[PDB]
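Next up is one chain by itself, shown in structure tokens, the form deposited in one PDB entry.
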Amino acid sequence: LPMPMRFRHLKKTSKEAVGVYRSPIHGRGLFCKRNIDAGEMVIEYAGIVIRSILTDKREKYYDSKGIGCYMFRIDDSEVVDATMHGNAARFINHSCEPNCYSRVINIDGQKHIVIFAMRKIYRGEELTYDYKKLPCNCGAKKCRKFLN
């Protein structure tokens, strides 16, 4: 199946597939409510695509207001700011042994960051991906110990 078809009803279906709960990794995380097949589109990392140079002053503003800052690093040039116009995907935690991965897809000329299942994921599992001095708490044995 091509990407555009799989993307069309993702907002409707995501509500049924995932939810936000307390995480043993950190704070809140994203968990699945039903088994998810390998290769399945899980959820869009919703938000505003911005040039990376802008993030430090945004984060500074958010912090000064007590607004929780949420951002997805695409690469060294671009970030998705999910602070004001994000969705449940902004709670996805990092793992040193993740079960999802991110991809930037193109829909009618526009960029969307979507999260895909790396393997079959079972009901109840936390969903995690590999983020692109803070220690890591993914709990994996093959763990890199750090976010940096």
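In case it trips you up, residue 1 is the first one in the sequence shown, and so on.
One more form of this protein should be noted, the form solved in complex with a partner chain, which is absent from this view; the next part is about it.
The closest heavy atom approach of residue 34 to its partner chain in the bound PDB entry falls outside 4.5 Å.
In the bound PDB entry, none of the heavy atoms of residue 40 sits within 4.5 Å of a heavy atom of its partner chain. Its partner chain is not shown here, and in the bound PDB entry it never comes within 4.5 Å of any heavy atom of residue 22. Residue contact check for residue 65: none of its heavy atoms lie within 4.5 Å of its partner chain in the bound PDB entry. Residue 85 is the only one of 26, 123, 85, 119 with a heavy atom lying within 4.5 Å of its partner chain in the bound PDB entry.
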